Every structure is written in structure tokens, then in C-alpha cells.
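> Pasting coords23.pdb here (PDB, N, CA and C atoms):
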ATOM      1  N   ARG A 210     -16.458  17.288  -6.635
ATOM      2  CA  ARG A 210     -17.152  16.940  -5.389
ATOM      3  C   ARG A 210     -17.244  15.420  -5.200
ATOM      4  N   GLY A 211     -16.080  14.816  -4.956
ATOM      5  CA  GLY A 211     -15.966  13.368  -4.901
ATOM      6  C   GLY A 211     -16.425  12.664  -3.635
ATOM      7  N   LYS A 212     -17.548  13.097  -3.064
ATOM      8  CA  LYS A 212     -18.291  12.358  -2.043
ATOM      9  C   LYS A 212     -19.626  11.999  -2.694
ATOM     10  N   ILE A 213     -19.662  10.852  -3.373
ATOM     11  CA  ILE A 213     -20.768  10.519  -4.262
ATOM     12  C   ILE A 213     -21.765   9.680  -3.466
ATOM     13  N   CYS A 214     -21.248   8.950  -2.470
ATOM     14  CA  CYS A 214     -21.987   8.019  -1.607
ATOM     15  C   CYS A 214     -22.685   6.936  -2.439
ATOM     16  N   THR A 215     -21.850   6.140  -3.101
ATOM     17  CA  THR A 215     -22.296   4.964  -3.834
ATOM     18  C   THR A 215     -22.241   3.756  -2.912
ATOM     19  N   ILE A 216     -23.196   2.846  -3.072
ATOM     20  CA  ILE A 216     -23.323   1.652  -2.245
ATOM     21  C   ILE A 216     -23.377   0.444  -3.172
ATOM     22  N   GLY A 217     -22.501  -0.530  -2.933
ATOM     23  CA  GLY A 217     -22.432  -1.697  -3.792
ATOM     24  C   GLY A 217     -23.022  -2.961  -3.201
ATOM     25  N   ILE A 218     -24.201  -3.354  -3.677
ATOM     26  CA  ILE A 218     -24.873  -4.566  -3.207
ATOM     27  C   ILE A 218     -24.238  -5.750  -3.931
ATOM     28  N   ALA A 219     -23.260  -6.384  -3.292
ATOM     29  CA  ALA A 219     -22.551  -7.527  -3.837
ATOM     30  C   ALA A 219     -22.695  -8.713  -2.895
ATOM     31  N   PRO A 220     -22.779  -9.934  -3.428
ATOM     32  CA  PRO A 220     -22.833 -11.113  -2.556
ATOM     33  C   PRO A 220     -21.518 -11.333  -1.827
ATOM     34  N   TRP A 221     -21.610 -11.995  -0.669
ATOM     35  CA  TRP A 221     -20.414 -12.266   0.123
ATOM     36  C   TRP A 221     -19.525 -13.294  -0.569
ATOM     37  N   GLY A 222     -20.126 -14.204  -1.335
ATOM     38  CA  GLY A 222     -19.346 -15.204  -2.036
ATOM     39  C   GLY A 222     -18.871 -14.803  -3.414
ATOM     40  N   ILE A 223     -19.525 -13.826  -4.043
ATOM     41  CA  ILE A 223     -19.122 -13.415  -5.383
ATOM     42  C   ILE A 223     -17.888 -12.524  -5.372
ATOM     43  N   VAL A 224     -17.491 -12.003  -4.215
ATOM     44  CA  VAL A 224     -16.324 -11.133  -4.138
ATOM     45  C   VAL A 224     -15.066 -11.979  -3.982
ATOM     46  N   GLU A 225     -13.926 -11.400  -4.351
ATOM     47  CA  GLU A 225     -12.658 -12.110  -4.266
ATOM     48  C   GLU A 225     -12.018 -11.883  -2.899
ATOM     49  N   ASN A 226     -11.237 -12.881  -2.461
ATOM     50  CA  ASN A 226     -10.469 -12.873  -1.209
ATOM     51  C   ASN A 226     -11.385 -12.701   0.006
ATOM     52  N   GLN A 227     -12.219 -13.724   0.220
ATOM     53  CA  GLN A 227     -13.140 -13.730   1.352
ATOM     54  C   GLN A 227     -12.404 -13.825   2.683
ATOM     55  N   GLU A 228     -11.241 -14.484   2.706
ATOM     56  CA  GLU A 228     -10.428 -14.532   3.917
ATOM     57  C   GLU A 228      -9.759 -13.196   4.217
ATOM     58  N   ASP A 229      -9.598 -12.334   3.209
ATOM     59  CA  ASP A 229      -9.031 -11.011   3.439
ATOM     60  C   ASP A 229     -10.028 -10.102   4.152
ATOM     61  N   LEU A 230     -11.321 -10.391   4.026
ATOM     62  CA  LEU A 230     -12.373  -9.589   4.634
ATOM     63  C   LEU A 230     -12.790 -10.095   6.012
ATOM     64  N   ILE A 231     -12.073 -11.068   6.573
ATOM     65  CA  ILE A 231     -12.362 -11.556   7.918
ATOM     66  C   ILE A 231     -11.650 -10.679   8.940
ATOM     67  N   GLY A 232     -12.386 -10.255   9.967
ATOM     68  CA  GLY A 232     -11.849  -9.395  11.004
ATOM     69  C   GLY A 232     -12.835  -8.322  11.416
ATOM     70  N   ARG A 233     -13.040  -8.140  12.718
ATOM     71  CA  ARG A 233     -14.052  -7.220  13.226
ATOM     72  C   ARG A 233     -13.396  -5.888  13.566
ATOM     73  N   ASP A 234     -13.908  -4.811  12.949
ATOM     74  CA  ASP A 234     -13.448  -3.427  13.146
ATOM     75  C   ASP A 234     -11.953  -3.267  12.867
ATOM     76  N   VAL A 235     -11.455  -3.998  11.874
ATOM     77  CA  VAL A 235     -10.047  -3.976  11.502
ATOM     78  C   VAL A 235      -9.948  -3.560  10.044
ATOM     79  N   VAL A 236      -9.063  -2.608   9.758
ATOM     80  CA  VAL A 236      -8.824  -2.181   8.384
ATOM     81  C   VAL A 236      -8.047  -3.285   7.664
ATOM     82  N   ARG A 237      -8.504  -3.642   6.461
ATOM     83  CA  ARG A 237      -7.924  -4.740   5.701
ATOM     84  C   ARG A 237      -7.606  -4.254   4.297
ATOM     85  N   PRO A 238      -6.339  -4.174   3.901
ATOM     86  CA  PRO A 238      -6.024  -3.771   2.526
ATOM     87  C   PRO A 238      -6.386  -4.856   1.522
ATOM     88  N   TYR A 239      -6.736  -4.420   0.313
ATOM     89  CA  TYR A 239      -7.088  -5.329  -0.773
ATOM     90  C   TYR A 239      -6.474  -4.799  -2.057
ATOM     91  N   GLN A 240      -5.600  -5.594  -2.666
ATOM     92  CA  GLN A 240      -5.015  -5.238  -3.948
ATOM     93  C   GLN A 240      -6.033  -5.380  -5.072
ATOM     94  N   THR A 241      -5.921  -4.491  -6.061
ATOM     95  CA  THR A 241      -6.761  -4.517  -7.253
ATOM     96  C   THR A 241      -6.182  -5.391  -8.361
ATOM     97  N   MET A 242      -5.324  -6.349  -8.013
ATOM     98  CA  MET A 242      -4.757  -7.294  -8.972
ATOM     99  C   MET A 242      -5.863  -8.223  -9.453
ATOM    100  N   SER A 243      -6.279  -8.045 -10.703
ATOM    101  CA  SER A 243      -7.395  -8.801 -11.260
ATOM    102  C   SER A 243      -6.889 -10.132 -11.804
ATOM    103  N   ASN A 244      -7.364 -11.227 -11.222
ATOM    104  CA  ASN A 244      -7.046 -12.551 -11.736
ATOM    105  C   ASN A 244      -7.967 -12.873 -12.907
ATOM    106  N   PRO A 245      -7.432 -13.137 -14.104
ATOM    107  CA  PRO A 245      -8.310 -13.383 -15.260
ATOM    108  C   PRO A 245      -9.012 -14.730 -15.230
ATOM    109  N   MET A 246      -8.542 -15.683 -14.425
ATOM    110  CA  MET A 246      -9.126 -17.016 -14.386
ATOM    111  C   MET A 246      -9.965 -17.277 -13.143
ATOM    112  N   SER A 247      -9.937 -16.389 -12.153
ATOM    113  CA  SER A 247     -10.697 -16.595 -10.929
ATOM    114  C   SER A 247     -12.171 -16.289 -11.162
ATOM    115  N   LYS A 248     -13.039 -17.211 -10.738
ATOM    116  CA  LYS A 248     -14.475 -16.962 -10.782
ATOM    117  C   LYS A 248     -14.910 -15.948  -9.733
ATOM    118  N   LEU A 249     -14.121 -15.770  -8.676
ATOM    119  CA  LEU A 249     -14.392 -14.754  -7.664
ATOM    120  C   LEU A 249     -14.098 -13.378  -8.251
ATOM    121  N   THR A 250     -15.152 -12.598  -8.477
ATOM    122  CA  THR A 250     -15.061 -11.356  -9.231
ATOM    123  C   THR A 250     -14.408 -10.259  -8.391
ATOM    124  N   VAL A 251     -13.554  -9.454  -9.038
ATOM    125  CA  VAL A 251     -12.869  -8.356  -8.358
ATOM    126  C   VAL A 251     -13.861  -7.256  -7.990
ATOM    127  N   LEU A 252     -13.434  -6.390  -7.077
ATOM    128  CA  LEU A 252     -14.253  -5.272  -6.636
ATOM    129  C   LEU A 252     -13.973  -4.029  -7.466
ATOM    130  N   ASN A 253     -14.882  -3.068  -7.364
ATOM    131  CA  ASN A 253     -14.641  -1.709  -7.827
ATOM    132  C   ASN A 253     -14.226  -0.922  -6.590
ATOM    133  N   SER A 254     -12.938  -0.568  -6.527
ATOM    134  CA  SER A 254     -12.351  -0.028  -5.304
ATOM    135  C   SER A 254     -12.870   1.373  -5.001
ATOM    136  N   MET A 255     -13.113   2.158  -6.033
ATOM    137  CA  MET A 255     -13.567   3.536  -5.937
ATOM    138  C   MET A 255     -15.091   3.681  -5.844
ATOM    139  N   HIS A 256     -15.777   2.622  -5.411
ATOM    140  CA  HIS A 256     -17.038   2.771  -4.698
ATOM    141  C   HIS A 256     -16.761   3.121  -3.240
ATOM    142  N   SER A 257     -17.637   3.936  -2.648
ATOM    143  CA  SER A 257     -17.397   4.453  -1.304
ATOM    144  C   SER A 257     -17.985   3.581  -0.199
ATOM    145  N   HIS A 258     -19.048   2.831  -0.481
ATOM    146  CA  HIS A 258     -19.694   1.976   0.505
ATOM    147  C   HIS A 258     -19.971   0.613  -0.112
ATOM    148  N   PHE A 259     -20.054  -0.406   0.741
ATOM    149  CA  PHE A 259     -20.258  -1.774   0.287
ATOM    150  C   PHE A 259     -21.226  -2.504   1.206
ATOM    151  N   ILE A 260     -22.129  -3.274   0.602
ATOM    152  CA  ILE A 260     -23.001  -4.206   1.308
ATOM    153  C   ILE A 260     -22.630  -5.612   0.862
ATOM    154  N   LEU A 261     -22.325  -6.478   1.821
ATOM    155  CA  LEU A 261     -21.969  -7.867   1.544
ATOM    156  C   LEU A 261     -23.179  -8.726   1.909
ATOM    157  N   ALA A 262     -24.063  -8.927   0.933
ATOM    158  CA  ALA A 262     -25.275  -9.725   1.109
ATOM    159  C   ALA A 262     -24.888 -11.195   1.197
TER
ATOM    160  N   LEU B 472       4.390   2.472 -10.584
ATOM    161  CA  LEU B 472       4.458   1.123 -10.024
ATOM    162  C   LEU B 472       3.484   0.925  -8.866
ATOM    163  N   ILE B 473       3.142   2.002  -8.156
ATOM    164  CA  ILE B 473       2.129   1.876  -7.113
ATOM    165  C   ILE B 473       0.735   1.851  -7.727
ATOM    166  N   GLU B 474       0.590   2.377  -8.947
ATOM    167  CA  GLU B 474      -0.687   2.291  -9.649
ATOM    168  C   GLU B 474      -0.947   0.870 -10.137
ATOM    169  N   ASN B 475       0.100   0.175 -10.587
ATOM    170  CA  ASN B 475      -0.043  -1.248 -10.880
ATOM    171  C   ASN B 475      -0.158  -2.079  -9.611
ATOM    172  N   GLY B 476       0.326  -1.562  -8.484
ATOM    173  CA  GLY B 476       0.263  -2.262  -7.220
ATOM    174  C   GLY B 476       1.585  -2.868  -6.808
ATOM    175  N   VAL B 477       2.298  -2.176  -5.921
ATOM    176  CA  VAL B 477       3.601  -2.619  -5.454
ATOM    177  C   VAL B 477       3.632  -2.820  -3.945
ATOM    178  N   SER B 478       2.576  -2.384  -3.238
ATOM    179  CA  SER B 478       2.410  -2.489  -1.786
ATOM    180  C   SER B 478       3.575  -1.788  -1.089
ATOM    181  N   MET B 479       3.548  -0.451  -1.105
ATOM    182  CA  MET B 479       4.668   0.369  -0.649
ATOM    183  C   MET B 479       4.971   0.151   0.843
ATOM    184  N   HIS B 480       3.970  -0.308   1.607
ATOM    185  CA  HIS B 480       4.185  -0.864   2.946
ATOM    186  C   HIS B 480       5.209  -2.002   2.966
ATOM    187  N   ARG B 481       4.968  -3.046   2.163
ATOM    188  CA  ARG B 481       5.762  -4.273   2.252
ATOM    189  C   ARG B 481       7.089  -4.152   1.511
ATOM    190  N   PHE B 482       7.270  -3.078   0.738
ATOM    191  CA  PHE B 482       8.577  -2.793   0.148
ATOM    192  C   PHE B 482       9.627  -2.528   1.217
ATOM    193  N   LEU B 483       9.260  -1.793   2.259
ATOM    194  CA  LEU B 483      10.265  -1.305   3.191
ATOM    195  C   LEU B 483      10.618  -2.382   4.202
ATOM    196  N   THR B 484      11.781  -3.002   4.010
ATOM    197  CA  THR B 484      12.313  -3.934   5.000
ATOM    198  C   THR B 484      13.762  -3.587   5.345
ATOM    199  N   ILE B 485      13.915  -2.607   6.251
ATOM    200  CA  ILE B 485      15.139  -2.003   6.804
ATOM    201  C   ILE B 485      16.352  -1.852   5.869
ATOM    202  N   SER B 486      17.086  -2.929   5.563
ATOM    203  CA  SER B 486      18.253  -2.926   4.681
ATOM    204  C   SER B 486      17.977  -2.388   3.280
ATOM    205  N   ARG B 487      16.742  -2.507   2.791
ATOM    206  CA  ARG B 487      16.392  -1.878   1.520
ATOM    207  C   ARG B 487      16.389  -0.355   1.621
ATOM    208  N   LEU B 488      15.938   0.183   2.760
ATOM    209  CA  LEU B 488      16.045   1.622   2.991
ATOM    210  C   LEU B 488      17.494   2.019   3.261
ATOM    211  N   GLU B 489      18.315   1.064   3.709
ATOM    212  CA  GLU B 489      19.731   1.334   3.951
ATOM    213  C   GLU B 489      20.479   1.654   2.663
ATOM    214  N   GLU B 490      20.215   0.890   1.604
ATOM    215  CA  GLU B 490      20.858   1.149   0.319
ATOM    216  C   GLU B 490      20.323   2.424  -0.324
ATOM    217  N   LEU B 491      19.174   2.908   0.148
ATOM    218  CA  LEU B 491      18.511   4.071  -0.421
ATOM    219  C   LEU B 491      19.232   5.366  -0.046
ATOM    220  N   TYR B 492      19.813   5.415   1.156
ATOM    221  CA  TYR B 492      20.635   6.540   1.598
ATOM    222  C   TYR B 492      22.081   6.467   1.120
ATOM    223  N   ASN B 493      22.655   5.271   1.004
ATOM    224  CA  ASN B 493      24.040   5.109   0.576
ATOM    225  C   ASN B 493      24.221   5.028  -0.932
ATOM    226  N   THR B 494      23.143   5.074  -1.711
ATOM    227  CA  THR B 494      23.260   5.047  -3.165
ATOM    228  C   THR B 494      23.821   6.355  -3.704
ATOM    229  N   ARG B 495      24.968   6.271  -4.372
ATOM    230  CA  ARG B 495      25.528   7.394  -5.111
ATOM    231  C   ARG B 495      25.146   7.360  -6.583
ATOM    232  N   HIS B 496      24.180   6.518  -6.956
ATOM    233  CA  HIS B 496      23.763   6.348  -8.347
ATOM    234  C   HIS B 496      22.640   7.326  -8.703
ATOM    235  N   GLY B 497      22.881   8.605  -8.426
ATOM    236  CA  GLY B 497      21.868   9.616  -8.610
ATOM    237  C   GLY B 497      22.388  11.027  -8.425
ATOM    238  N   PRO B 498      21.470  11.976  -8.214
ATOM    239  CA  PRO B 498      21.872  13.361  -7.937
ATOM    240  C   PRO B 498      22.643  13.488  -6.628
ATOM    241  N   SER B 499      23.492  14.512  -6.563
ATOM    242  CA  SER B 499      24.385  14.726  -5.432
ATOM    243  C   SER B 499      23.611  15.102  -4.170
ATOM    244  N   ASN B 500      24.154  14.688  -3.026
ATOM    245  CA  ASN B 500      23.557  14.966  -1.728
ATOM    246  C   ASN B 500      24.579  15.662  -0.839
ATOM    247  N   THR B 501      24.067  16.462   0.097
ATOM    248  CA  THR B 501      24.871  17.137   1.106
ATOM    249  C   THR B 501      25.067  16.234   2.332
ATOM    250  N   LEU B 502      24.421  15.058   2.334
ATOM    251  CA  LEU B 502      24.385  14.140   3.474
ATOM    252  C   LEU B 502      25.760  13.615   3.888
ATOM    253  N   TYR B 503      26.719  13.603   2.958
ATOM    254  CA  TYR B 503      28.089  13.196   3.261
ATOM    255  C   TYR B 503      28.767  14.146   4.249
ATOM    256  N   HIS B 504      28.398  15.427   4.199
ATOM    257  CA  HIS B 504      28.934  16.395   5.150
ATOM    258  C   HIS B 504      28.146  16.382   6.458
ATOM    259  N   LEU B 505      26.849  16.065   6.393
ATOM    260  CA  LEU B 505      26.018  16.027   7.599
ATOM    261  C   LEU B 505      26.421  14.892   8.535
ATOM    262  N   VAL B 506      26.627  13.690   7.988
ATOM    263  CA  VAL B 506      26.939  12.533   8.829
ATOM    264  C   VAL B 506      28.354  12.658   9.394
ATOM    265  N   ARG B 507      29.239  13.336   8.656
ATOM    266  CA  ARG B 507      30.614  13.533   9.101
ATOM    267  C   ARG B 507      30.666  14.527  10.257
ATOM    268  N   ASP B 508      29.802  15.544  10.212
ATOM    269  CA  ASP B 508      29.797  16.578  11.242
ATOM    270  C   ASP B 508      29.211  16.059  12.553
ATOM    271  N   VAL B 509      28.214  15.175  12.471
ATOM    272  CA  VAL B 509      27.593  14.673  13.696
ATOM    273  C   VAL B 509      28.415  13.548  14.306
ATOM    274  N   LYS B 510      29.258  12.885  13.506
ATOM    275  CA  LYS B 510      30.208  11.928  14.070
ATOM    276  C   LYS B 510      31.332  12.644  14.804
ATOM    277  N   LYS B 511      31.688  13.842  14.336
ATOM    278  CA  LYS B 511      32.728  14.632  14.992
ATOM    279  C   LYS B 511      32.252  15.153  16.342
ATOM    280  N   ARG B 512      31.001  15.617  16.403
ATOM    281  CA  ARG B 512      30.462  16.136  17.655
ATOM    282  C   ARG B 512      30.187  15.026  18.662
ATOM    283  N   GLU B 513      29.763  13.852  18.189
ATOM    284  CA  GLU B 513      29.477  12.752  19.105
ATOM    285  C   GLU B 513      30.759  12.103  19.609
ATOM    286  N   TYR B 514      31.785  12.039  18.768
ATOM    287  CA  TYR B 514      33.061  11.452  19.156
ATOM    288  C   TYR B 514      34.142  12.521  19.256
TER
END
In C-alpha cells, how does this file's structure come out?


Amino acid sequence: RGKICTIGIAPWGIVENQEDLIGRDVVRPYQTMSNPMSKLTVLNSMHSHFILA
Amino acid sequence: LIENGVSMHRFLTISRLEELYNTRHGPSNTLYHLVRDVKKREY
């Protein structure tokens, strides 16, 4: 029953590729390529909902 | 390769799909008879 309805309270600056998330009502793909040296932390893709505080 | 991330959208750029049909480096296809038959009917 994989409708878990998880919500991720993450800061807008702590996430990676902030320019990838620009756009109103537009679907934006995001690769799960984890950069080991980037301070911008990768997401957990298989969370279902996200809050960008 | 899609699990590591290959972006299957950006893979497809016309001529790459062109070599995908003309590749004989695999199992046999009936497509050699199909394209020949439709060229005969069109011409």
C-alpha cells in the first residue's frame, strides 16, 4: 500500500539544484546523482510530498 | 543504467534511434521483409 503520504520539511537553501526548482506549475525532473563534495544536500526522491521552508 | 540515471528522454536524438532499427548485431527481425513489401506497394 505505497500511498504513505510522507511530507519532507526541508529548507529551500539546503536542497540541491535550486535553479532546477524554479518554475510555476511546471514539472521539473531531478536526477538522484549525489555529489559527494556539494554542501547542497540531495533529496529523498521516494518521499511523496515536500515543504520548502 | 536507468537506475544509475541515464535520462532516457535525452538519450533519444533521432539518428541514435536510426541505428537501433538498422542494427543486425542481435536477434533476427522480420522487418527486412516488412520494409521491402511496403516499398513495393508504394512504388

> Which distance in Å separates atom CA of residue B:481 and atom CA of residue B:500, to one decimal?

26.5 Å

> Quick check: residues of chain A within 10 Å of chain B, only C-alpha atoms, returned as an MDAnalysis selection string.

chainID A and resid 238:242

> Write out the residues from the selection above, keeping N, CA and C atoms, as an mmCIF file, keeping the file's coordinate frame.


data_model
loop_
_atom_site.group_PDB
_atom_site.id
_atom_site.type_symbol
_atom_site.label_atom_id
_atom_site.label_comp_id
_atom_site.auth_asym_id
_atom_site.auth_seq_id
_atom_site.Cartn_x
_atom_site.Cartn_y
_atom_site.Cartn_z
ATOM 1 N N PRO A 238 -6.339 -4.174 3.901
ATOM 2 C CA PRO A 238 -6.024 -3.771 2.526
ATOM 3 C C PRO A 238 -6.386 -4.856 1.522
ATOM 4 N N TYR A 239 -6.736 -4.420 0.313
ATOM 5 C CA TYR A 239 -7.088 -5.329 -0.773
ATOM 6 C C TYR A 239 -6.474 -4.799 -2.057
ATOM 7 N N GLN A 240 -5.600 -5.594 -2.666
ATOM 8 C CA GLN A 240 -5.015 -5.238 -3.948
ATOM 9 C C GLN A 240 -6.033 -5.380 -5.072
ATOM 10 N N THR A 241 -5.921 -4.491 -6.061
ATOM 11 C CA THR A 241 -6.761 -4.517 -7.253
ATOM 12 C C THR A 241 -6.182 -5.391 -8.361
ATOM 13 N N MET A 242 -5.324 -6.349 -8.013
ATOM 14 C CA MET A 242 -4.757 -7.294 -8.972
ATOM 15 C C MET A 242 -5.863 -8.223 -9.453
#

> Rounded to one decimal in Å, what is the spacing between atom CA of residue A:223 and atom C of residue A:250?

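Taking atom CA of residue A:223 and atom C of residue A:250, their separation equals 6.4 Å.
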
> For the file shown, what are the residues hit by the PyMOL selection byres ((chain A and resi 257) around 6), laid out as a PyMOL selection string?

chain A and resi 214-216+254-256+258-259

> Provide the atom CA of residue A:261 to atom CA of residue A:217 distance in Å, to one decimal place.

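Answer for the atom CA of residue A:261 to atom CA of residue A:217 separation: 8.2 Å.
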
> Enumerate the residues of stretch 213-260 of chain A with a DSSP assignment of strand (DSSP E), computed from the backbone, and present them as JSON, numbers by chain.

{"A": [216, 217, 218, 219, 258, 259, 260]}

> Might you pull out every residue within 12 Å of residue A:237, with only C-alpha atoms counted and same-chain residues fewer than 4 positions away left off, and present them as a ChimeraX atom specification?

/A:226-233

> Could you give me, as number ranges by chain, each residue of chain B that DSSP assigns to helix (DSSP H, G or I) when run on this structure's backbone?

B: 479-482, 486-493, 502-513

> Which of these, A:262, A:225, A:234, A:212, has the shortest distance to residue A:248 once you count all atoms listed in the file?

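Looking only at the distances to residue A:248, the closest residue turns out to be A:225.
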